[PDB]
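Engineer: Residue numbers (PDB author numbering), protein chains in the order written: chain A, 13 to 136; chain A', 13 to 136; chain B, 11 to 134; chain B', 11 to 134. A prime marks a further copy of an entry chain.
Below is a structure I'd like to ask you about.
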Amino acid sequence: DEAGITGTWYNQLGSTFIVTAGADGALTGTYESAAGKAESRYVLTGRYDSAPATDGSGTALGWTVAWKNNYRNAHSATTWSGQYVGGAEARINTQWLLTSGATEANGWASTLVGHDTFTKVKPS
Amino acid sequence: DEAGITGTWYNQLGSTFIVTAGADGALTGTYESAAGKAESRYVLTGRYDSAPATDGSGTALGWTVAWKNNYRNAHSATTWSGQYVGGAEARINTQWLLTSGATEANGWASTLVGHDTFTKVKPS
Amino acid sequence: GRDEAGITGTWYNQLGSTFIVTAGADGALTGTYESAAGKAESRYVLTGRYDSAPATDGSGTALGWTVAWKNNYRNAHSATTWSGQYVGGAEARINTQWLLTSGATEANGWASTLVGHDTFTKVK
Amino acid sequence: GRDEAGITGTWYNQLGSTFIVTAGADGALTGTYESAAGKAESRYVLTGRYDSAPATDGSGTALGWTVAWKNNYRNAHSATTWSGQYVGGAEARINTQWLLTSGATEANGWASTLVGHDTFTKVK
Ligand SMILES: O=C(CCCC[C@@H]1SC[C@@H]2NC(=O)N[C@@H]21)NC1CCN(c2ccncc2)CC1
Ligand SMILES: O=C(CCCC[C@@H]1SC[C@@H]2NC(=O)N[C@@H]21)NC1CCN(c2ccncc2)CC1
Ligand SMILES: O=C(CCCC[C@@H]1SC[C@@H]2NC(=O)N[C@@H]21)NC1CCN(c2ccncc2)CC1
Ligand SMILES: O=C(CCCC[C@@H]1SC[C@@H]2NC(=O)N[C@@H]21)NC1CCN(c2ccncc2)CC1
């Protein structure tokens, strides 16, 4: 899935996720979000199962973005946890957690949760 | 929080999270889980807000473990999303998502969710 | 504007489960749930709540409900809660995320909760 | 063993919110919820469900409930569902994770859900 996972992906929001799957199970690349307090590209890193089952299961993976770059800092980080599914129209199916820095009076409301699905089709 | 975040942490399960905060916002290190289909250490990587607010807020961060090493492969990955809180007894407060590789008939049940709190106190 | 009639009826989700719901005048949700997935058979009681006076700005209507997976046929020692919102219009949807908690011992509690997302559409 | 009396009563959580619940003989949960956090004032109706015949192996009792954040004082256009389990014994607890969904437009829907975890303990 190295060849499969590596590429430019787009989620249902129009966000762009450019990723490289390393030989050692590493994930690196960039994330540009179409939503929220975000501007231009952000660094990401993660990990994926570099030896998945050969039974029709997807390939487990996850990656993190801390929303700081040279343009903006949203004092937050998102983690996507999901799996890659290969074939004709390959998909990456994820759920995510977005934690913002918070005070102890704020902490109960510090984490947003959602789900993103990624394909390699360039939106229009 | 570079000096603060870097260290050996332990969660409520007795798991060991050894991490280094890089200068560029990188997180690296190892994770050994006291629970589940896991054995000895796993590679992790993530990101943290390397320039947090100076207002009493925590430092947003996240990191990923793919549960494959040279001992075992659980065909799953966990992402922890949370924040670091410094001071006398520093804590890392997280929520997490654990996705396993799944078939399309299995996918509805592929993701576990929980919360881990980390301190630098060595259990007994 | 209030969505008593928009919400009340029969819905299916993407697994083929059947959600039969009545939205009461006072914010109550009642009905039955038949799951096409998991350790479930036939219909289960559900109860929930919805915002009986939503904003007029085009926002959806917040709601939630619970199924405990015990009926006269089977008992899966677990409960799901769906949290999400009703969105009216030509193709109405109920968009949800859910938490499915199983009875667990202390040793198994870390793995006691599944998380997912279901979209419901209404049928005549 | 069934926990009608174990669950029924007044509980507080770690924010200082007050959860007043009656577990009915047929699996129903009813009561009120007063939150010490957020856009909330005084008591809100809740309804939920619990496993009325849990396993006898030491596992807790699965349950869930919903609050919609409209009462006679305030309407926060949102609903929380708590999913978790009751654990009896000398220090009984209700351990939950929760999803809090707010009414959202299509532009804001990606940010419409908060996630967290509450532990409840019972008071005389
Ligand atoms: O907007 C961002 C950074 C952009 C995240 C974009 C998200 S990532 C998941 C989804 N998928 C995408 O592709 N794009 C979106 N961060 C906010 C979070 C909420 N914030 C607070 C404020 C106060 N308290 C709590 C939280 C303020 C900062
Ligand atoms: O046990 C692991 C790997 C160890 C994860 C340990 C977890 S990480 C969050 C928590 N915090 C820790 O410190 N430790 C625990 N993975 C399972 C997941 C559930 N599995 C399935 C099987 C079939 N369908 C769906 C899921 C099988 C593989
Ligand atoms: O299968 C069911 C009951 C049917 C749930 C149906 C689910 S509701 C959300 C989704 N939307 C639907 O329409 N259908 C599915 N319960 C299992 C869950 C797995 N179980 C454990 C045990 C321990 N740890 C983790 C999980 C034990 C029992
Ligand atoms: O504050 C409340 C109602 C009070 C909820 C109390 C919560 S229940 C879970 C936790 N346990 C408790 O005991 N107390 C707290 N609702 C807000 C939430 C933030 N809101 C948005 C809007 C858009 N996107 C995301 C969030 C708008 C309205």
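Where a beta carbon is used, it is the ideal one built from N, C-alpha and C, also for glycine.
1. Does the stretch 54–68 of chain B' come close enough to the stretch 49–61 of chain B that 3 or more CB-CB pairs lie under 8 Å?
2. Quick one, are the C-beta atoms of B:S62 and B:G37 less than 9 Å apart?
3. What first and last residue would you give for the beta strand (DSSP E) that runs through B:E44?
4. If B':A35 sits next to B':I17, beta carbons under 8 Å apart, how far is it from one beta carbon to the other, in whole angstroms?
5. Along the chain, where does the beta strand (DSSP E) that runs through A':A72 open and close?
6. In whole angstroms, what separates the C-alpha of B:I104 from that of A':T123?
7. Name the two residues that bound the continuous alpha helix (DSSP H) containing B':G16.
8. What residues in the stretch 42–62 of chain A' have a beta carbon less than 8 Å from any beta carbon of chain B?
9. Listing by chain order, which chain A' residues have their CB less than 9 Å from the CB of B':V125?
10. Can you check whether the C-beta of A:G98 is within less than 9 Å of a C-beta belonging to chain A'?
11. Listing by chain order, which chain B' residues have their CB less than 9 Å from the CB of B:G11?
12. Using a 10 Å radius around the Cβ and a threshold of 16 neighbouring Cβ atoms, would you call A:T106 buried or exposed?
13. Find out if the Cβ-Cβ distance for the pair B:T76, B':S27 is shorter than 9 Å.
14. Closer than 8 Å by beta-carbon distance: list the chain B residues that pair up with B':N85, in chain order.
15. Return the first residue and the last residue of the beta strand (DSSP E) that residue 5 of chain B is part of.
16. Going along chain B in order, which residues have a C-beta closer than 7 Å to the C-beta of A':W120?
17. Do you know how far the Cα of B':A117 is from the Cα of B:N118?
18. Using only the alpha-carbon positions, how far apart do B:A89 and B:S112 sit?
19. Under a three-way DSSP split, which group does B':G58 fall into?
20. Is any heavy atom in ligand 4 found nearer than 8 Å to the beta carbon of B':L124?
21. Alpha carbon to alpha carbon, how far is B:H127 from A:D128? Give it in angstroms, no decimals.
22. Of the residues A':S136, A':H87, A':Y96 and A':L25, which one's Cα is nearest the Cα of A':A46?
23. Enumerate in chain order the residues of its own chain whose CB-to-CB distance from B':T20 is below 6 Å, with the five nearest sequence positions on each side excluded.
24. In the structure shown, what three-state DSSP assignment does A:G68 receive?
25. In terms of residues, what are the limits of the beta strand (DSSP E) holding A:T131?
26. Tell me the DSSP bridge mates of B':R103?
27. Closest Cβ-Cβ distance between A':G16 and chain A: below 9 Å?
28. With distances taken between CB atoms, is the gap from A':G48 to A:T91 smaller than 9 Å?
29. Which two residues bound the contiguous beta strand (DSSP E) that contains A:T32?
30. Looking at the strands, I want to know which residues DSSP matches up with A':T111.
31. A:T20 versus chain A': which residues are under 7 Å apart at the beta carbon?
32. Taking buried to mean at least 16 other C-beta atoms within 10 Å of its own C-beta, is A:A72 buried or exposed?
33. Ligand 6 heavy atoms versus the CB of A:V97: any closer than 8 Å?
34. For a contact defined as C-beta to C-beta under 8 Å, what are the partners of B':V31 on chain B?
35. State yes or no: is the C-beta of B:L56 nearer than 8 Å to some heavy atom of ligand 3?
Structural biologist: This is what the structure gives:
1. yes
2. Walking along the third sequence from the start, residue 62 of chain B turns up at place 52. Walking along the third sequence from the start, residue 37 of chain B turns up at place 27. Yes, they are a contact pair.
3. Taking the first residue of the third sequence as 1, we reach residue 44 of chain B at position 34. Looking at the DSSP string, the run of the beta strand (DSSP E) that includes B:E44 is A38 to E44.
4. Locating residue 35 of chain B' in the fourth sequence gives position 25, where the first residue counts as 1. Locating residue 17 of chain B' in the fourth sequence gives position 7, where the first residue counts as 1. That pair is no contact at about 12 Å.
5. Translated into positions along the second sequence, residue 72 of chain A' becomes position 60. Unbroken beta strand (DSSP E) run through A':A72: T71 to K80.
6. Within the third sequence, residue 104 of chain B is the residue found at index 94, counting from 1. Within the second sequence, residue 123 of chain A' is the residue found at index 111, counting from 1. Between B:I104 and A':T123, the C-alpha separation is close to 21 Å.
7. Locating residue 16 of chain B' in the fourth sequence gives position 6, where the first residue counts as 1. It spans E14 to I17 - the alpha helix (DSSP H) in which B':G16 sits, taken as one unbroken run.
8. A47 and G48
9. Along the fourth sequence, one-based indexing puts residue 125 of chain B' at 115. Result: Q107 and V125.
10. Counted from its first residue, the first sequence places residue 98 of chain A at position 86. Closer than 9 Å: no.
11. Residue numbering aside, residue 11 of chain B sits at position 1 when the third sequence is read from its first letter. Going along chain B', no residue has its Cβ under 9 Å from B:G11, so there is no contact; the nearest lies around 12 Å.
12. Looking up residue 106 of chain A in the first sequence gives position 94. The residue is buried, with at least 16 neighbouring Cβ atoms inside 10 Å.
13. By 1-based counting over the third sequence, the position of residue 76 of chain B is 66. By 1-based counting over the fourth sequence, the position of residue 27 of chain B' is 17. In this structure, B':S27 does not lie closer than 9 Å to B:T76 by Cβ.
14. What you label residue 85 of chain B' is simply residue 75 of the fourth sequence in a count that begins at 1. In chain order: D61 and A63.
15. Nothing about residue 5 of chain B can be read from this structure; chain B reaches only from 11 to 134.
16. Walking along the second sequence from the start, residue 120 of chain A' turns up at place 108. Per Cβ cutoff of 7 Å: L25, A47 and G126.
17. Within the third sequence, numbered from 1, the residue matching residue 118 of chain B stands at position 108. Within the fourth sequence, numbered from 1, the residue matching residue 117 of chain B' stands at position 107. Near 39 Å, if we compare the C-alpha coordinates of B':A117 and B:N118.
18. Here residue 89 of chain B corresponds to residue number 79 of the third sequence, with the count starting at 1. Here residue 112 of chain B corresponds to residue number 102 of the third sequence, with the count starting at 1. When rounded, the distance between both Cα atoms is 7 Å.
19. Against the fourth sequence, residue 58 of chain B' aligns to sequence position 48. Strand at B':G58.
20. Looking up residue 124 of chain B' in the fourth sequence gives position 114. Yes, Cβ of B':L124 sits closer than 8 Å to a heavy atom of ligand 4.
21. Locating residue 128 of chain A in the first sequence gives position 116, where the first residue counts as 1. Locating residue 127 of chain B in the third sequence gives position 117, where the first residue counts as 1. Whole-angstrom Cα-Cα distance: 11 Å.
22. Mapped onto the second sequence, residue 46 of chain A' falls at position 34. Residue A':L25 is the option with its Cα nearest to A':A46.
23. As a working note, residue 20 of chain B' is residue 10 in the fourth sequence. These residues qualify, in order along the chain: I30 and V133.
24. Looking up residue 68 of chain A in the first sequence gives position 56. Residue state, collapsed to three classes: coil.
25. Here the question's residue 131 of chain A lines up with position 119 in the first sequence. Per DSSP, A:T131 belongs to the beta strand (DSSP E) from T123 to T131.
26. Translated into positions along the fourth sequence, residue 103 of chain B' becomes position 93. Note: B':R103 sits in a beta bridge opposite B':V97 and B':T131.
27. Residue mapping note: residue 16 of chain A' aligns to position 4 of the second sequence, counting from 1. Chain A, which has no Cβ nearer than 9 Å to the Cβ of A':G16, makes this no.
28. On the second sequence, position 36 is the one that residue 48 of chain A' refers to. On the first sequence, position 79 is the one that residue 91 of chain A refers to. Contact: no.
29. Locating residue 32 of chain A in the first sequence gives position 20, where the first residue counts as 1. Note, A:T32: beta strand (DSSP E), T28 to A33.
30. Against the second sequence, residue 111 of chain A' aligns to sequence position 99. Beta-bridge pairing links A':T111 to A':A89 and A':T123.
31. By 1-based counting over the first sequence, the position of residue 20 of chain A is 8. Those within 7 Å of A:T20 in chain A' number zero; the least Cβ separation is about 20 Å.
32. Here residue 72 of chain A is taken as the residue at index 60 of the first sequence, counted from 1. Counting Cβ neighbours within 10 Å, A:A72 comes out buried, since at least 16 surround it.
33. With respect to ligand 6, the structure offers nothing, as its ligand set consists of ligand 1, ligand 2, ligand 3 and ligand 4.
34. In the fourth sequence, residue 31 of chain B' corresponds to position 21, counting from 1. Those do not exist, as B':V31 stays about 13 Å from chain B at its closest Cβ, beyond 8 Å.
35. Position 46 of the third sequence, counted from the first residue, corresponds to residue 56 of chain B. No.
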